[PDB]
> 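Would you mind keeping the following structure in view while I ask a few things?
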Amino acid sequence: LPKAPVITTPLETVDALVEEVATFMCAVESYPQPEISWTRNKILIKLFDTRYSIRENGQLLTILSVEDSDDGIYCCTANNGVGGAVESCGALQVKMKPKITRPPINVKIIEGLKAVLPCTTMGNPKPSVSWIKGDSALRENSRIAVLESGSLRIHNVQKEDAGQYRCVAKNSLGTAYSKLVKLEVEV
Amino acid sequence: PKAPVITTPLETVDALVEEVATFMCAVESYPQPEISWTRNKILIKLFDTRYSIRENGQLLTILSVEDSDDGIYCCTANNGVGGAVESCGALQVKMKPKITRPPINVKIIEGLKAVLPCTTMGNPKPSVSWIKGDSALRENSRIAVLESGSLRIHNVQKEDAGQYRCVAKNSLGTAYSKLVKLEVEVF
């Protein structure tokens with residue numbers, strides 16, 4: 001007997017860390033066998049894409065190694081030619097410990113110029129960034145600010161700003177530490 | 001209040017060694033069911049970090065399939081209403097041919113017996129054949145491909161000399177050994 005598709009397992013919110021496996025389950029009762037298609041943020045997922053393991057006729061979609069760009073709304077749609085099509089939408093929430101994508105480097109700078117030491121980070125939750133000089137918390141002063149980017153800006157660099165610096169980026173899942181870099185002030 | 005029904009009978013799941021494999025045991029019930037999993041009628045051991053149970057027990061994922069995972073998997077659903085329900089399927093662990101002991105270079109005295117190894121693993125069991133030069137090796141009075149995969153040459157002749165490789169083949173993939181030199185010495 002011909003039966004219009006029904007999605008018996010609505011899509012859920014899947015929480016996944018970067019580099020983990022994540023699976024959406026879109027089980028379908030219908031006759032005949034449906035064709036199941038998938039979108040991420042309303043863009044079609046190609047089912048021969050090697051980033052996915054697609055199984056049980058498209059009822060199972062598995063991301064083999066989750067990346068931040070996998071975050072979004074996932075929808076499965078079932079069509080078998082009978083009755084009205086059916087869809088279910090859930091979300092993939094990608095979490096990630098902090099990653100320092102642009103760490104600070106060694107800088108030789110003329111005194112009086114502006115030094116900007118990068119500390120670009122990625123993570124979810126959004127990492128908070130702080131700075132170490134030598135082995136202790138940076139005493140932020142008038143010339144020295146930690147920018148929204150995580151960069152350390154030092155206006156009018158002085159000889160006493162010279163030293164060893166590193167940045168620290170943290171969230172609930174972990175902490176990343178940049179290597180020590182040498183700031184040298186040329187006088 | 002409703003007794004559990006497994007809406008997705010477990011199937012035969014094929015997976016290569018080192019692939020991810022998932023069993024889907026979708027259950028309709030009220031209250032929410034407890035689902036337990038057994039492999040070969042032994043409760044699934046979660047101290048093995050390779051297992052991942054998701055969506056309230058409805059998904060069992062093996063993160064990296066191994067030969068020992070092969071066998072019969074069952075989910076059972078209990079919610080304290082009516083009878084319990086069970087579904088059993090199988091995991092069949094497959095593997096492309098792997099040449100575990102390939103042929104090596106041999107210098108051998110004419111008239112001696114040469115045995116060039118080609119030990120393989122695979123599921124389906126790989127067929128092994130040999131290449132001398134660019135063309136397929138044809139067996140004869142002196143030359144036989146053994147059941148082990150080895151190339152056995154009785155009464156080695158000067159003409160037998162040359163470059164050999166073995167080829168291991170199943171429906172899933174083909175493995176080629178590196179070409180090796182059979183040098184025949186006449187003293």
Side-chain angles (χ1 to χ4, degrees), chain A residues 7-28 33-41 43-78 88-95, chain B residues 7-26 37 39 44 48-71 73 75 87 89-96 122-124 170-173:
Chain A
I7 296 164
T8 70
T9 66
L11 260 40
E12 299 180 27
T13 295
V14 180
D15 299 309
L17 288 160
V18 162
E19 286 180 20
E20 285 179 338
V21 175
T23 296
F24 287 96
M25 165 170 59
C26 181
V28 175
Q33 177 195 59
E35 277 160 9
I36 299 159
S37 44
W38 292 80
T39 59
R40 165 193 24 93
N41 298 317
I43 294 152
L44 203 78
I45 296 159
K46 307 285 193 167
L47 299 181
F48 56 90
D49 182 328
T50 59
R51 290 213 52 242
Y52 307 94
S53 176
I54 310 290
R55 291 288 181 280
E56 294 202 49
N57 196 47
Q59 295 176 105
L60 292 171
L61 179 146
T62 288
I63 305 154
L64 301 165
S65 194
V66 159
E67 43 183 71
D68 180 78
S69 60
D70 292 320
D71 187 287
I73 293 75
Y74 283 72
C75 303
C76 65
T77 297
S88 181
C89 301
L92 182 79
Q93 309 195 145
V94 176
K95 314 299 178 182
Chain B
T7 61
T8 57
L10 300 193
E11 310 172 2
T12 311
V13 175
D14 293 349
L16 299 169
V17 172
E18 208 179 358
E19 278 180 346
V20 172
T22 293
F23 283 99
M24 170 171 68
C25 184
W37 291 87
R39 186 206 67 104
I44 287 286
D48 206 332
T49 321
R50 295 184 313 112
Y51 299 124
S52 171
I53 301 176
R54 282 293 181 277
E55 287 193 42
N56 181 61
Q58 295 177 114
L59 293 172
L60 169 69
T61 298
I62 296 163
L63 296 173
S64 180
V65 161
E66 285 159 11
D67 279 346
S68 53
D69 296 317
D70 189 286
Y73 286 71
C75 58
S87 186
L91 186 74
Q92 303 184 137
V93 179
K94 316 271 172 173
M95 187 177 64
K96 299 183 187 190
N123 182 22
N170 66 18
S171 61
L172 302 188

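Proteins get letters first, then strands, A, B, ... in listed order; numbering begins at 1 in each.
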> Side-chain contact test, heavy atoms from C-beta onward, threshold under 4.5 Å: evaluate it for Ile7(A) versus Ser88(A) and give yes or no.
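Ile7(A) vs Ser88(A): side chains touch.
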
> Any chance you could measure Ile63(A), atom CD1, to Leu92(A), atom CG, to the nearest 0.5 Å?
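That separation rounds to 5.0 Å.
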
> So does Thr61(B) get a backbone contact from the side chain of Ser52(B), meaning a donor-acceptor N/O pair under 3.5 Å?
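Here the side-chain-to-backbone pair does not exist.
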
> Applying side-chain contact (heavy atoms from CB on, under 4.5 Å), name anything that partners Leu59(B), two or more places apart in sequence or on another chain.
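In terms of side-chain contact (heavy atoms from CB on, under 4.5 Å), with neighbours along the sequence ignored, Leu59(B) is linked to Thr23(A), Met25(A), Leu60(A), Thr22(B), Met24(B), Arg54(B), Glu55(B).
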
> How many angstroms lie between atom CD1 of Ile54(A) and atom CG of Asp49(A), to the nearest 0.5 angstrom?
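Rounded to the nearest 0.5 Å, the CD1-CG separation comes to 8.5 Å.
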
> How many angstroms lie between atom OG of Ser171(B) and atom NZ of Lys96(B), to the nearest 0.5 angstrom?
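Rounded to the nearest 0.5 Å, the OG-NZ separation comes to 10.5 Å.
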
> Might you point out which heavy atoms bring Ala15(B) and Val65(B) nearest each other, and give the distance in Å?
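Reported closest heavy-atom pair: CB-CG2, 4.0 Å.
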
> Give every donor-acceptor pair under 3.5 Å between a side-chain atom in residues 69-76 of chain A and any protein atom, sequence neighbours left out.
| from | atom 1 | to | atom 2 | distance (Å) |
| --- | --- | --- | --- | --- |
| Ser69(A) | OG | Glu67(A) | OE2 | 3.0 |
| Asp70(A) | OD1 | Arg51(A) | NH1 | 3.0 |
| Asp70(A) | OD2 | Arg51(A) | NH2 | 2.9 |
| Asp70(A) | OD2 | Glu67(A) | N | 2.8 |
| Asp71(A) | OD2 | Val94(A) | N | 2.9 |
| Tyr74(A) | OH | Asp70(A) | O | 2.5 |

> Nearest 0.5 angstrom please: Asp67(B) CG to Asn123(B) CG, how far?
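So the gap between those two atoms works out to 8.0 Å.
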
> Going by heavy atoms in the side chains, are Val28(A) and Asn57(A) under 4.5 Å from each other?
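Heavy-atom side-chain distance check fails, nothing below 4.5 Å.
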
> Is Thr77(A) reaching over with its side chain to a backbone N or O of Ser37(A), donor-acceptor style, under 3.5 angstrom?
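Checking the backbone N and O of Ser37(A) against the side chain of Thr77(A), no donor-acceptor pair under 3.5 Å is found.
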
> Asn41(A): which residues meet the side chain to side chain donor-acceptor pair (under 3.5 Å) condition with it, sequence neighbours left out?
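Residues passing side chain to side chain donor-acceptor pair (under 3.5 Å) with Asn41(A): none at all.
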
> What pair of heavy atoms forms the shortest contact from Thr9(A) to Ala27(A), and how long is it?
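Where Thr9(A) meets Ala27(A) most closely, the heavy atoms are OG1-N, 3.1 Å.
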
> Which atom pair, heavy atoms only, marks the closest approach of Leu11(A) to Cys89(A)?
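Shortest heavy-atom separation between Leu11(A) and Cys89(A) comes out as CB-C, 3.7 Å.
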
> Does the side chain of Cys26(A) reach to within under 4.5 Å of the side chain of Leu61(A), using non-hydrogen atoms?
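Contact flag for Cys26(A)/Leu61(A) side chains = no.
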
> Output the distance between atom CG (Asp15(A)) and atom CD (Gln93(A)), rounded to the nearest 0.5 Å.
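Answer rounded to 0.5 Å: 5.0 Å.
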
> With a 4.5 Å heavy-atom cut-off, do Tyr51(B) and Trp37(B) have their side chains touching?
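Contact flag for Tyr51(B)/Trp37(B) side chains = no.
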
